[PDB]
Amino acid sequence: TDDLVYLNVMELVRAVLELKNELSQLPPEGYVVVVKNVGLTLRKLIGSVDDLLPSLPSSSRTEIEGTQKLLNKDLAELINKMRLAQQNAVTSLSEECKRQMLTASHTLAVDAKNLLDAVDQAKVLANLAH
């Protein structure tokens, strides 16, 4: 609704699904742009979360920055799989490398979701202390 964190989390899952059915339609050189996208919508998410942090229990902020760091890591793994899919286009490891790329992005989305729950849940434990 008026929840930005929710929205960017949805923008980012959208970006992950596009990527899914558009390696099929893209050449190796283009895989850079798509991930660049997923990266950018992610920065927007991680940014609008970074904005909330101040107003809530530190006990949350630990585990929240946990899933944030987790996402950065998730991106990195996606980027690496993408690099591997470029280099390995035109070799027998082409498909597997792409398969890996999808999985990297998949769990990227999943962890984006878990970021949201951690936020929703921390938003609550905040409201009731107050």
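Each residue number is its position in the shown sequence, starting from 1.
Student: With reference to the PDB entry, specify whether the mean Cα temperature factor is higher for 30-38 or for 46-54.
Tutor: For C-alpha atoms only, the mean B-factor is higher in 46-54.
Student: Of the options 84, 90, 78, 71, which has the highest CA B factor as deposited?
Tutor: 90 has the highest C-alpha B-factor of those listed.
Student: Thinking about Cα B factors across the chain, which third does residue 16 belong to?
Tutor: Bottom third by C-alpha B-factor.
Student: When the modelled residues of the chain are sorted by Cα temperature factor, does residue 64 land in the lowest, middle or highest third?
Tutor: It falls in the top third of the chain.
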